[PDB]
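Novice: Got a structure for you, data.csv, holding CSV, C-alpha atoms.
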```csv
chain,number,residue,atom,x,y,z
I,1,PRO,CA,129.5,96.5,116.1
I,2,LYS,CA,126.3,98.6,116.6
I,3,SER,CA,125.9,100.8,119.6
I,4,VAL,CA,122.5,101.1,121.2
I,5,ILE,CA,121.4,104.6,122.1
I,6,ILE,CA,119.4,104.9,125.3
I,7,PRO,CA,119.0,108.6,126.6
I,8,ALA,CA,119.2,109.2,130.3
I,9,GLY,CA,115.7,108.1,131.2
I,10,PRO,CA,112.1,94.4,122.6
I,11,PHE,CA,113.6,97.5,120.9
I,12,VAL,CA,115.9,100.4,121.8
I,13,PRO,CA,115.3,104.1,121.2
I,14,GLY,CA,118.0,104.0,118.5
I,15,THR,CA,121.1,102.3,117.1
I,16,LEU,CA,124.3,103.7,115.7
I,17,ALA,CA,126.6,101.9,113.2
I,18,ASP,CA,129.2,103.4,110.9
I,19,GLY,CA,128.1,107.0,111.5
I,20,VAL,CA,124.4,106.2,110.8
I,21,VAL,CA,121.8,106.5,113.5
I,22,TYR,CA,118.5,104.6,113.2
I,23,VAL,CA,115.8,106.0,115.6
I,24,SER,CA,112.9,103.6,116.3
I,25,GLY,CA,109.4,104.6,115.4
I,26,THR,CA,108.5,107.1,118.2
I,27,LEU,CA,105.1,107.9,119.5
I,28,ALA,CA,104.0,110.5,122.1
I,29,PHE,CA,104.3,108.1,125.1
I,30,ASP,CA,104.5,108.8,128.9
I,31,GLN,CA,106.8,106.7,131.0
I,32,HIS,CA,104.1,104.0,131.2
I,33,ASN,CA,103.6,103.9,127.4
I,34,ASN,CA,100.3,105.7,127.5
I,35,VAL,CA,99.6,108.2,124.7
I,36,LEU,CA,99.9,111.8,125.8
I,37,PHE,CA,97.7,114.6,124.3
I,38,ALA,CA,95.0,112.2,123.0
I,39,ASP,CA,93.1,114.5,120.5
I,40,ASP,CA,95.9,116.9,119.8
I,41,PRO,CA,98.2,116.1,116.8
I,42,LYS,CA,100.4,119.2,117.3
I,43,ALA,CA,101.4,118.4,120.9
I,44,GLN,CA,101.9,114.7,119.9
I,45,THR,CA,104.2,115.7,117.0
I,46,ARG,CA,106.2,118.0,119.2
I,47,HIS,CA,106.7,115.3,121.9
I,48,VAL,CA,107.8,112.8,119.2
I,49,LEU,CA,110.4,115.1,117.7
I,50,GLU,CA,111.8,116.1,121.1
I,51,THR,CA,112.4,112.4,121.8
I,52,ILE,CA,114.0,111.8,118.4
I,53,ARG,CA,116.2,114.8,118.9
I,54,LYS,CA,117.4,113.6,122.3
I,55,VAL,CA,118.3,110.2,120.7
I,56,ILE,CA,120.3,111.9,118.0
I,57,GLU,CA,121.9,114.2,120.6
I,58,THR,CA,122.9,111.3,122.9
I,59,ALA,CA,124.7,109.8,119.8
I,60,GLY,CA,126.5,113.1,119.3
I,61,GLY,CA,124.5,114.5,116.4
I,62,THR,CA,122.0,117.2,115.7
I,63,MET,CA,118.6,117.4,113.8
I,64,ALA,CA,120.5,118.9,110.8
I,65,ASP,CA,122.1,115.4,110.5
I,66,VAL,CA,118.7,113.8,109.8
I,67,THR,CA,118.6,112.5,106.2
I,68,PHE,CA,115.2,110.8,106.2
I,69,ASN,CA,112.0,110.6,108.2
I,70,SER,CA,109.3,108.0,108.0
I,71,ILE,CA,106.1,109.5,109.2
I,72,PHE,CA,102.9,107.5,109.9
I,73,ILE,CA,99.6,109.2,110.5
I,74,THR,CA,96.0,108.0,111.1
I,75,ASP,CA,94.0,110.9,109.5
I,76,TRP,CA,94.8,113.3,106.6
I,77,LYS,CA,92.8,116.0,108.4
I,78,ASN,CA,95.8,116.2,110.8
I,79,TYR,CA,98.5,116.5,108.1
I,80,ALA,CA,98.6,120.4,108.2
I,81,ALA,CA,99.0,120.4,112.0
I,82,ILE,CA,101.7,117.7,112.0
I,83,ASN,CA,103.6,119.5,109.2
I,84,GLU,CA,103.5,122.8,111.0
I,85,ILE,CA,105.3,121.4,114.1
I,86,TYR,CA,107.6,119.2,112.0
I,87,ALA,CA,108.9,122.2,110.1
I,88,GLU,CA,109.9,123.9,113.4
I,89,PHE,CA,112.3,121.1,114.2
I,90,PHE,CA,114.1,121.2,110.8
I,91,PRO,CA,114.7,124.9,110.2
I,92,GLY,CA,117.4,124.6,107.6
I,93,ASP,CA,117.8,122.2,104.6
I,94,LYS,CA,114.9,119.7,105.1
I,95,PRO,CA,115.3,116.0,105.3
I,96,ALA,CA,113.7,113.7,102.7
I,97,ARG,CA,110.7,111.9,104.0
I,98,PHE,CA,107.5,109.9,103.4
I,99,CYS,CA,104.1,110.3,105.2
I,100,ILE,CA,101.7,107.5,104.9
I,101,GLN,CA,98.4,106.7,106.6
I,102,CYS,CA,98.2,103.4,108.5
I,103,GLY,CA,97.3,101.8,111.8
I,104,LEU,CA,99.4,102.6,114.9
I,105,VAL,CA,100.0,100.6,118.1
I,106,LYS,CA,97.6,102.5,120.4
I,107,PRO,CA,94.1,104.0,119.5
I,108,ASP,CA,94.9,107.5,120.8
I,109,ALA,CA,98.1,107.8,118.8
I,110,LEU,CA,97.8,110.3,115.9
I,111,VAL,CA,101.5,110.2,114.6
I,112,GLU,CA,104.6,108.1,114.7
I,113,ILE,CA,108.0,109.0,113.3
I,114,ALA,CA,111.1,106.9,112.6
I,115,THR,CA,114.4,108.7,111.6
I,116,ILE,CA,117.7,108.1,109.9
I,117,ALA,CA,120.6,110.5,110.5
I,118,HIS,CA,124.2,110.6,109.4
I,119,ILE,CA,126.5,112.0,112.1
I,120,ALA,CA,130.4,112.5,112.1
S,1,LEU,CA,131.2,100.8,87.6
S,2,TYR,CA,133.1,97.8,89.2
S,3,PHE,CA,136.5,98.3,87.7
S,4,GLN,CA,136.3,102.0,88.5
S,5,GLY,CA,135.9,101.3,92.3
S,6,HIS,CA,132.1,101.9,92.6
S,7,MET,CA,131.5,98.2,93.2
S,8,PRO,CA,127.9,97.4,92.2
S,9,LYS,CA,125.4,96.2,94.8
S,10,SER,CA,125.5,92.4,95.3
S,11,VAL,CA,122.3,90.6,95.2
S,12,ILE,CA,121.9,88.0,98.1
S,13,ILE,CA,120.1,84.8,97.1
S,14,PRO,CA,120.6,82.1,99.8
S,15,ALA,CA,121.0,78.5,98.5
S,16,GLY,CA,117.5,77.1,98.1
S,17,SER,CA,115.5,80.3,98.1
S,18,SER,CA,112.6,80.0,95.7
S,19,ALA,CA,111.0,82.3,93.0
S,20,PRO,CA,109.9,85.8,94.3
S,21,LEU,CA,106.2,87.2,94.0
S,22,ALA,CA,107.6,90.2,92.1
S,23,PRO,CA,110.9,91.7,90.7
S,24,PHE,CA,113.1,91.8,93.8
S,25,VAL,CA,115.7,89.7,95.5
S,26,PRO,CA,115.9,88.4,99.0
S,27,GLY,CA,118.4,91.1,99.8
S,28,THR,CA,121.0,93.5,98.6
S,29,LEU,CA,124.5,94.4,99.9
S,30,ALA,CA,126.4,97.6,99.2
S,31,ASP,CA,129.2,99.2,101.2
S,32,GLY,CA,128.8,96.8,104.1
S,33,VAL,CA,125.0,97.5,104.4
S,34,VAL,CA,122.5,94.7,103.9
S,35,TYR,CA,118.9,95.6,102.9
S,36,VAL,CA,116.6,92.6,103.3
S,37,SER,CA,113.4,92.7,101.4
S,38,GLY,CA,110.1,92.6,103.1
S,39,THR,CA,109.8,89.0,104.0
S,40,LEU,CA,106.6,87.0,104.5
S,41,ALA,CA,106.0,83.4,105.6
S,42,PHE,CA,106.0,82.0,102.1
S,43,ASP,CA,106.6,78.4,101.0
S,44,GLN,CA,108.2,77.7,97.7
S,45,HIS,CA,105.6,79.0,95.2
S,46,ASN,CA,104.7,81.9,97.4
S,47,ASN,CA,101.7,80.5,99.4
S,48,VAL,CA,101.4,81.7,103.0
S,49,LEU,CA,102.4,79.1,105.6
S,50,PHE,CA,100.7,78.8,109.0
S,51,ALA,CA,97.5,80.7,108.2
S,52,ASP,CA,96.1,81.5,111.6
S,53,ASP,CA,99.4,81.2,113.6
S,54,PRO,CA,101.3,84.5,113.9
S,55,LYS,CA,104.0,82.9,116.0
S,56,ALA,CA,104.9,80.4,113.4
S,57,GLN,CA,104.7,83.0,110.6
S,58,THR,CA,107.1,85.3,112.5
S,59,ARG,CA,109.5,82.5,113.1
S,60,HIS,CA,109.6,81.5,109.4
S,61,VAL,CA,110.1,85.2,108.4
S,62,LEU,CA,113.0,85.7,110.8
S,63,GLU,CA,114.6,82.5,109.8
S,64,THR,CA,114.6,83.7,106.2
S,65,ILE,CA,115.9,87.1,107.1
S,66,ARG,CA,118.7,85.5,109.1
S,67,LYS,CA,119.7,83.4,106.1
S,68,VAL,CA,119.9,86.5,103.9
S,69,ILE,CA,122.1,88.3,106.5
S,70,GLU,CA,124.3,85.2,107.0
S,71,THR,CA,124.7,84.6,103.3
S,72,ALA,CA,125.8,88.2,103.0
S,73,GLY,CA,128.5,87.7,105.6
S,74,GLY,CA,126.9,89.0,108.8
S,75,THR,CA,124.8,87.9,111.8
S,76,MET,CA,121.6,89.0,113.5
S,77,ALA,CA,123.6,91.1,116.0
S,78,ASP,CA,124.5,93.3,113.0
S,79,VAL,CA,120.9,94.3,112.4
S,80,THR,CA,120.4,98.0,113.0
S,81,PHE,CA,116.8,98.4,112.1
S,82,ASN,CA,113.6,96.3,111.4
S,83,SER,CA,110.4,97.5,109.7
S,84,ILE,CA,107.5,95.3,110.9
S,85,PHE,CA,104.1,95.3,109.2
S,86,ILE,CA,101.2,93.5,110.8
S,87,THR,CA,97.5,93.2,110.0
S,88,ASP,CA,96.0,93.0,113.5
S,89,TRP,CA,97.1,94.3,116.9
S,90,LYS,CA,95.7,91.3,118.6
S,91,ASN,CA,98.8,89.5,117.2
S,92,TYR,CA,101.3,92.0,118.4
S,93,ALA,CA,102.2,90.1,121.6
S,94,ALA,CA,102.8,86.8,119.8
S,95,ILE,CA,104.9,88.5,117.1
S,96,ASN,CA,107.0,90.3,119.7
S,97,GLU,CA,107.6,87.1,121.7
S,98,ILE,CA,109.1,85.3,118.7
S,99,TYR,CA,110.9,88.4,117.6
S,100,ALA,CA,112.8,88.7,120.9
S,101,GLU,CA,114.1,85.2,120.5
S,102,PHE,CA,115.9,86.1,117.4
S,103,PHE,CA,117.7,89.2,118.8
S,104,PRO,CA,119.3,88.1,122.1
S,105,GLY,CA,121.4,90.9,123.7
S,106,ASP,CA,121.3,94.5,122.4
S,107,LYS,CA,118.1,94.9,120.3
S,108,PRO,CA,117.7,96.7,117.0
S,109,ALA,CA,115.8,99.9,116.5
S,110,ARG,CA,112.4,99.2,114.8
S,111,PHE,CA,108.9,100.3,113.9
S,112,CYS,CA,105.8,98.2,113.8
S,113,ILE,CA,102.7,99.5,112.0
S,114,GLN,CA,99.4,98.0,110.9
S,115,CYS,CA,98.6,97.9,107.1
S,116,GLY,CA,97.6,95.7,104.2
S,117,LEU,CA,99.8,92.8,103.0
S,118,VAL,CA,100.1,91.1,99.7
S,119,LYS,CA,98.2,88.0,100.8
S,120,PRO,CA,95.1,87.6,102.9
S,121,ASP,CA,96.5,84.9,105.2
S,122,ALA,CA,99.8,86.8,105.8
S,123,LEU,CA,99.8,88.1,109.4
S,124,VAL,CA,103.3,89.7,109.5
S,125,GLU,CA,106.0,91.0,107.2
S,126,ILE,CA,109.5,92.3,108.1
S,127,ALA,CA,112.2,94.2,106.3
S,128,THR,CA,115.6,94.6,107.7
S,129,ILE,CA,118.8,96.7,107.6
S,130,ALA,CA,122.1,95.4,108.9
S,131,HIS,CA,125.7,96.8,109.0
S,132,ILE,CA,128.0,94.0,108.5
S,133,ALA,CA,131.5,95.2,107.3
K,1,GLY,CA,129.0,113.1,108.4
K,2,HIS,CA,131.2,116.1,109.3
K,3,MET,CA,130.2,117.6,105.9
K,4,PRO,CA,126.4,118.3,106.2
K,5,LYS,CA,123.8,116.4,104.0
K,6,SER,CA,123.2,117.8,100.6
K,7,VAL,CA,119.6,118.4,99.5
K,8,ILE,CA,118.8,117.2,96.0
K,9,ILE,CA,116.3,119.5,94.2
K,10,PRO,CA,116.4,118.9,90.5
K,11,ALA,CA,116.2,122.2,88.4
K,12,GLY,CA,112.5,122.8,87.9
K,13,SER,CA,111.1,121.2,91.0
K,14,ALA,CA,105.4,120.9,102.5
K,15,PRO,CA,108.6,120.7,104.5
K,16,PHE,CA,110.7,118.1,102.6
K,17,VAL,CA,113.0,118.0,99.7
K,18,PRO,CA,112.9,115.5,96.8
K,19,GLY,CA,116.0,113.8,98.2
K,20,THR,CA,119.1,114.0,100.4
K,21,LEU,CA,122.7,112.7,100.0
K,22,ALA,CA,125.1,111.9,102.8
K,23,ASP,CA,128.2,109.8,102.7
K,24,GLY,CA,127.4,108.3,99.3
K,25,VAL,CA,123.8,107.4,100.3
K,26,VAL,CA,120.8,109.0,98.6
K,27,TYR,CA,117.4,109.0,100.3
K,28,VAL,CA,114.7,109.9,97.9
K,29,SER,CA,111.4,111.1,99.5
K,30,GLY,CA,108.2,109.2,99.0
K,31,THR,CA,107.3,110.2,95.5
K,32,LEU,CA,103.8,110.3,93.9
K,33,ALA,CA,102.7,111.0,90.4
K,34,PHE,CA,102.2,114.8,90.9
K,35,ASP,CA,102.0,117.5,88.3
K,36,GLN,CA,103.3,121.0,88.9
K,37,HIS,CA,100.2,121.9,91.1
K,38,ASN,CA,100.5,118.7,93.2
K,39,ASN,CA,97.5,117.1,91.6
K,40,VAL,CA,97.8,113.4,90.9
K,41,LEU,CA,98.3,112.7,87.2
K,42,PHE,CA,96.6,109.6,85.5
K,43,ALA,CA,93.8,109.1,88.0
K,44,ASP,CA,92.8,105.5,87.2
K,45,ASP,CA,96.0,104.4,85.5
K,46,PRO,CA,98.4,102.7,87.9
K,47,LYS,CA,100.9,102.0,85.2
K,48,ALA,CA,101.3,105.7,84.1
K,49,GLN,CA,101.4,106.7,87.7
K,50,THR,CA,104.2,104.2,88.4
K,51,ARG,CA,106.2,105.4,85.4
K,52,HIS,CA,105.9,109.0,86.4
K,53,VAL,CA,107.1,108.2,89.9
K,54,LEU,CA,110.1,106.2,88.8
K,55,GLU,CA,111.1,108.8,86.3
K,56,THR,CA,111.0,111.4,89.2
K,57,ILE,CA,113.1,109.2,91.4
K,58,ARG,CA,115.5,108.5,88.6
K,59,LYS,CA,116.0,112.3,88.1
K,60,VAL,CA,116.7,112.8,91.8
K,61,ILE,CA,119.3,110.0,91.8
K,62,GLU,CA,120.9,111.4,88.6
K,63,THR,CA,121.0,114.9,90.0
K,64,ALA,CA,122.8,113.5,93.0
K,65,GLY,CA,125.3,111.7,90.7
K,66,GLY,CA,124.0,108.2,90.5
K,67,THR,CA,121.9,105.8,88.3
K,68,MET,CA,119.0,103.4,89.0
K,69,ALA,CA,121.5,100.5,89.1
K,70,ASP,CA,122.7,102.1,92.4
K,71,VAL,CA,119.3,101.6,94.1
K,72,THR,CA,119.6,99.2,96.9
K,73,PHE,CA,116.1,99.4,98.4
K,74,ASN,CA,112.6,100.6,97.4
K,75,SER,CA,109.7,101.1,99.8
K,76,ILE,CA,106.5,100.8,97.8
K,77,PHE,CA,103.1,101.9,99.1
K,78,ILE,CA,99.9,101.0,97.1
K,79,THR,CA,96.1,101.4,97.7
K,80,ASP,CA,94.7,98.3,95.9
K,81,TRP,CA,96.2,94.9,95.3
K,82,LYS,CA,94.3,94.7,92.0
K,83,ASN,CA,97.0,97.2,90.8
K,84,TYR,CA,100.0,95.1,92.0
K,85,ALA,CA,100.7,93.3,88.8
K,86,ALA,CA,100.5,96.6,86.8
K,87,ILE,CA,102.8,98.4,89.2
K,88,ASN,CA,105.3,95.6,89.1
K,89,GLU,CA,105.3,95.5,85.3
K,90,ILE,CA,106.4,99.1,85.1
K,91,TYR,CA,108.8,98.8,88.1
K,92,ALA,CA,110.7,96.0,86.4
K,93,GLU,CA,111.3,98.2,83.3
K,94,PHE,CA,113.2,100.7,85.4
K,95,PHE,CA,115.6,98.1,87.0
K,96,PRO,CA,116.9,95.9,84.2
K,97,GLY,CA,119.6,93.4,85.5
K,98,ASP,CA,120.1,93.0,89.3
K,99,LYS,CA,116.9,94.1,91.1
K,100,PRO,CA,116.9,96.1,94.3
K,101,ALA,CA,115.5,94.7,97.6
K,102,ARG,CA,112.1,96.1,98.4
K,103,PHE,CA,108.8,96.0,100.2
K,104,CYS,CA,105.4,96.7,99.0
K,105,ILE,CA,102.5,97.3,101.4
K,106,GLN,CA,99.0,98.7,101.2
K,107,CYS,CA,98.1,101.8,103.1
K,108,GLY,CA,96.6,105.3,102.7
K,109,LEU,CA,98.2,108.0,100.6
K,110,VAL,CA,98.1,111.8,100.7
K,111,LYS,CA,95.6,112.3,97.8
K,112,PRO,CA,92.7,110.0,96.9
K,113,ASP,CA,93.6,109.5,93.3
K,114,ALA,CA,97.2,108.4,94.1
K,115,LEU,CA,97.6,104.6,93.4
K,116,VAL,CA,101.3,104.2,94.2
K,117,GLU,CA,104.1,106.0,96.1
K,118,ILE,CA,107.7,105.0,96.2
K,119,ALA,CA,110.7,106.0,98.4
K,120,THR,CA,114.2,104.8,97.5
K,121,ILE,CA,117.6,104.3,98.9
K,122,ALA,CA,120.7,104.3,96.6
K,123,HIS,CA,124.4,103.9,97.2
K,124,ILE,CA,126.2,106.1,94.7
K,125,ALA,CA,129.9,106.4,93.8
K,126,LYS,CA,131.8,108.9,96.0
```
Could you render the structure from this file as structure tokens?
Specialist:
Amino acid sequence: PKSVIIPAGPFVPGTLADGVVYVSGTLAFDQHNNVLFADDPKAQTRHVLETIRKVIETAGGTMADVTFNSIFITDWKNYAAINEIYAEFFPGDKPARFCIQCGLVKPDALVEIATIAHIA
Amino acid sequence: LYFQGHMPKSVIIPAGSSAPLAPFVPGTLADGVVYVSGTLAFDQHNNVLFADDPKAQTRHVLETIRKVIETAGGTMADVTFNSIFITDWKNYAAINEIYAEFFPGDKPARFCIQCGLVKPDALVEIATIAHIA
Amino acid sequence: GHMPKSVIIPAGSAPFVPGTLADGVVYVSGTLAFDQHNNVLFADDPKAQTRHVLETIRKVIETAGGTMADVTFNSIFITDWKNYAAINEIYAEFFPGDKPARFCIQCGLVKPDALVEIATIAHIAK
């Protein structure tokens, strides 16, 4: 049966089943679910990927285990900035991904990422 | 193929499910993993039920998703991830309230985004992954 | 899981790869109808875009060692419901016999002329 993954600190941050980690769509939220870094896509992207990494790590994996990222943005003018930070977190062989533009849960949010990883 | 060990995916079509709006099945099952198609609050003949009622639409959607997962041999507790699509954030609270009812105990991972849906009266759509073997 | 994921980059073809393979599962990136310079081919033709996209996806899956019949799920993104029937018509040609599960939603895509984008999950022999 699935394990939930809740790093020290109606969905959980991630789940683990049969060696597959599913990380929830993650935004740049403070502890009160307010958006951090309102007008700054680079710092939002960094905060998101740091959270995702901690979920995967809590499960026993690393970012190299990520097979797929689902990226959701609100403006294509931010794509270059988001990509720049994203690449820093995946230095080796890159995951597969999509990046689509849509609406996100809070008005200041500029990016959200959900992630699938295969761990040992 | 099947005789060689690579068992093909099984399509999952619950007893009574009606004709789909496009070329897809209610769900697929391969190697113990169930992929449920994006599910909307459709009647037979693919009209949207409960036009201005996001709670009733969410309930109908999760009942359908549950039947797919049960037909495949699992339960809602096996769901690892849900992809939720909505048209209006004013409905988020209502959708969440019903959603919670269907996943008592440890909750799945999920996302929820706002986008366009295949019919104008549709307020919510959900796709689902479940590990059942 | 102990063995790292394999990237799938078919001979001849931003920080992603066309697909990954791990434990018999192929994740194909969201694929659009791009030429060699990342311009959208077939600007006002959703059918020809869809065909190009599904041929790309097929080649990724084949490079990984599978076929389209191994596809378990497709995520489809479109810009205009007026194009839904057309996209569906071409989609069906690529999955004869038991169809995958899928979703189709309307959203924004990376280039204005893109009319469809598809990402795919497949379970291949292993």
Novice: Ranking S:52, S:70, S:125, S:97 by minimum distance to chain K and counting all atoms listed in the file, which one comes first?
Specialist: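 Checking each of S:52, S:70, S:125, S:97 against chain K, counting all atoms listed in the file, the winner is S:125.
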Novice: Output as a PyMOL selection string the set of chain I residues within 12 Å of chain K, with distances taken over only C-alpha atoms.
Specialist: chain I and resi 18-21+60-104+115-120
Novice: Can you work out the spacing between CA of residue 109 in chain S and CA of residue 22 in chain I in Å, to one decimal?
Specialist: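 We find that CA of residue 109 in chain S and CA of residue 22 in chain I lie 6.3 Å from each other.
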Novice: Pick out the residues sitting within 8 Å of residue 63 in chain K, and hand them over as an mmCIF file with C-alpha atoms, keeping the file's coordinate frame; count all atoms listed in the file, and ignore anything fewer than 4 positions along from it in its own chain.
Specialist:
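File written: selection_21.cif
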```cif
data_model
loop_
_atom_site.group_PDB
_atom_site.id
_atom_site.type_symbol
_atom_site.label_atom_id
_atom_site.label_comp_id
_atom_site.auth_asym_id
_atom_site.auth_seq_id
_atom_site.Cartn_x
_atom_site.Cartn_y
_atom_site.Cartn_z
ATOM 1 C CA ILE K 8 118.800 117.200 96.000
ATOM 2 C CA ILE K 9 116.300 119.500 94.200
ATOM 3 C CA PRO K 10 116.400 118.900 90.500
ATOM 4 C CA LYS K 59 116.000 112.300 88.100
#
```
Novice: Mind dumping a table of every chain I residue within 9 Å of chain S, with the nearest atom pair and its distance in Å to one decimal, using all atoms listed in the file, sorted by chain and rising number, as a tab-separated table?
Specialist:
```
residue	atom	partner	partner_atom	distance
I:1	CA	S:78	CA	6.7
I:2	CA	S:78	CA	6.7
I:3	CA	S:106	CA	8.3
I:4	CA	S:106	CA	6.8
I:10	CA	S:100	CA	6.0
I:11	CA	S:107	CA	5.2
I:12	CA	S:109	CA	5.3
I:13	CA	S:109	CA	6.3
I:14	CA	S:109	CA	5.1
I:15	CA	S:109	CA	5.8
I:16	CA	S:80	CA	7.4
I:17	CA	S:131	CA	6.7
I:18	CA	S:131	CA	7.7
I:21	CA	S:80	CA	8.6
I:22	CA	S:109	CA	6.3
I:23	CA	S:109	CA	6.2
I:24	CA	S:110	CA	4.7
I:25	CA	S:111	CA	4.6
I:26	CA	S:111	CA	8.1
I:72	CA	S:113	CA	8.3
I:101	CA	S:115	CA	8.8
I:102	CA	S:115	CA	5.7
I:103	CA	S:114	CA	4.4
I:104	CA	S:113	CA	5.4
I:105	CA	S:113	CA	6.8
I:106	CA	S:89	CA	8.9
I:112	CA	S:111	CA	8.9
I:113	CA	S:111	CA	8.8
I:114	CA	S:111	CA	7.1
```
Novice: Any chance you could tabulate, as CSV, the residues of chain S at most 6 Å from chain K with each one's nearest atom pair and distance in Å to one decimal, using all atoms listed in the file, in chain and rising number order?
Specialist:
```
residue,atom,partner,partner_atom,distance
S:6,CA,K:125,CA,5.2
S:24,CA,K:99,CA,5.2
S:25,CA,K:101,CA,5.4
S:27,CA,K:101,CA,5.1
S:28,CA,K:101,CA,5.7
S:37,CA,K:102,CA,4.7
S:38,CA,K:103,CA,4.7
S:115,CA,K:107,CA,5.6
S:116,CA,K:106,CA,4.5
S:117,CA,K:105,CA,5.5
```
Novice: Would you mind writing range 35-51 of chain I with N, CA and C atoms, as a PDB file, keeping the file's coordinate frame?
Specialist:
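Below is the file that was written, selection_20.pdb:
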```pdb
ATOM      1  N   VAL I  35      99.552 107.109 125.728  1.00  0.00           N
ATOM      2  CA  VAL I  35      99.600 108.200 124.700  1.00  0.00           C
ATOM      3  C   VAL I  35      99.328 109.520 125.400  1.00  0.00           C
ATOM      4  N   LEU I  36     100.181 110.507 125.245  1.00  0.00           N
ATOM      5  CA  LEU I  36      99.900 111.800 125.800  1.00  0.00           C
ATOM      6  C   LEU I  36      99.191 112.640 124.703  1.00  0.00           C
ATOM      7  N   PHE I  37      98.387 113.599 125.162  1.00  0.00           N
ATOM      8  CA  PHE I  37      97.700 114.600 124.300  1.00  0.00           C
ATOM      9  C   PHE I  37      96.782 113.964 123.283  1.00  0.00           C
ATOM     10  N   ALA I  38      95.865 113.139 123.784  1.00  0.00           N
ATOM     11  CA  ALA I  38      95.000 112.200 123.000  1.00  0.00           C
ATOM     12  C   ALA I  38      94.427 112.767 121.645  1.00  0.00           C
ATOM     13  N   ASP I  39      93.831 113.947 121.692  1.00  0.00           N
ATOM     14  CA  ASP I  39      93.100 114.500 120.500  1.00  0.00           C
ATOM     15  C   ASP I  39      93.882 115.607 119.886  1.00  0.00           C
ATOM     16  N   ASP I  40      95.175 115.741 120.163  1.00  0.00           N
ATOM     17  CA  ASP I  40      95.900 116.900 119.800  1.00  0.00           C
ATOM     18  C   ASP I  40      97.243 116.598 118.976  1.00  0.00           C
ATOM     19  N   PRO I  41      97.104 116.572 117.654  1.00  0.00           N
ATOM     20  CA  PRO I  41      98.200 116.100 116.800  1.00  0.00           C
ATOM     21  C   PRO I  41      99.423 117.040 116.954  1.00  0.00           C
ATOM     22  N   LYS I  42      99.223 118.337 117.187  1.00  0.00           N
ATOM     23  CA  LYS I  42     100.400 119.200 117.300  1.00  0.00           C
ATOM     24  C   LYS I  42     101.252 118.871 118.511  1.00  0.00           C
ATOM     25  N   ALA I  43     100.633 118.685 119.670  1.00  0.00           N
ATOM     26  CA  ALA I  43     101.400 118.400 120.900  1.00  0.00           C
ATOM     27  C   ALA I  43     102.045 116.977 120.762  1.00  0.00           C
ATOM     28  N   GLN I  44     101.337 116.026 120.156  1.00  0.00           N
ATOM     29  CA  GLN I  44     101.900 114.700 119.900  1.00  0.00           C
ATOM     30  C   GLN I  44     103.182 114.796 119.050  1.00  0.00           C
ATOM     31  N   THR I  45     103.094 115.575 117.974  1.00  0.00           N
ATOM     32  CA  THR I  45     104.200 115.700 117.000  1.00  0.00           C
ATOM     33  C   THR I  45     105.391 116.322 117.704  1.00  0.00           C
ATOM     34  N   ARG I  46     105.134 117.350 118.492  1.00  0.00           N
ATOM     35  CA  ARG I  46     106.200 118.000 119.200  1.00  0.00           C
ATOM     36  C   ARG I  46     106.912 117.000 120.187  1.00  0.00           C
ATOM     37  N   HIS I  47     106.139 116.232 120.945  1.00  0.00           N
ATOM     38  CA  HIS I  47     106.700 115.300 121.900  1.00  0.00           C
ATOM     39  C   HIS I  47     107.594 114.241 121.194  1.00  0.00           C
ATOM     40  N   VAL I  48     107.065 113.712 120.097  1.00  0.00           N
ATOM     41  CA  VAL I  48     107.800 112.800 119.200  1.00  0.00           C
ATOM     42  C   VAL I  48     109.156 113.318 118.769  1.00  0.00           C
ATOM     43  N   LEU I  49     109.156 114.533 118.245  1.00  0.00           N
ATOM     44  CA  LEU I  49     110.400 115.100 117.700  1.00  0.00           C
ATOM     45  C   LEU I  49     111.382 115.466 118.741  1.00  0.00           C
ATOM     46  N   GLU I  50     110.893 115.892 119.914  1.00  0.00           N
ATOM     47  CA  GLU I  50     111.800 116.100 121.100  1.00  0.00           C
ATOM     48  C   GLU I  50     112.471 114.788 121.467  1.00  0.00           C
ATOM     49  N   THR I  51     111.738 113.689 121.521  1.00  0.00           N
ATOM     50  CA  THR I  51     112.400 112.400 121.800  1.00  0.00           C
ATOM     51  C   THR I  51     113.429 112.024 120.782  1.00  0.00           C
TER      52      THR I  51
END
```
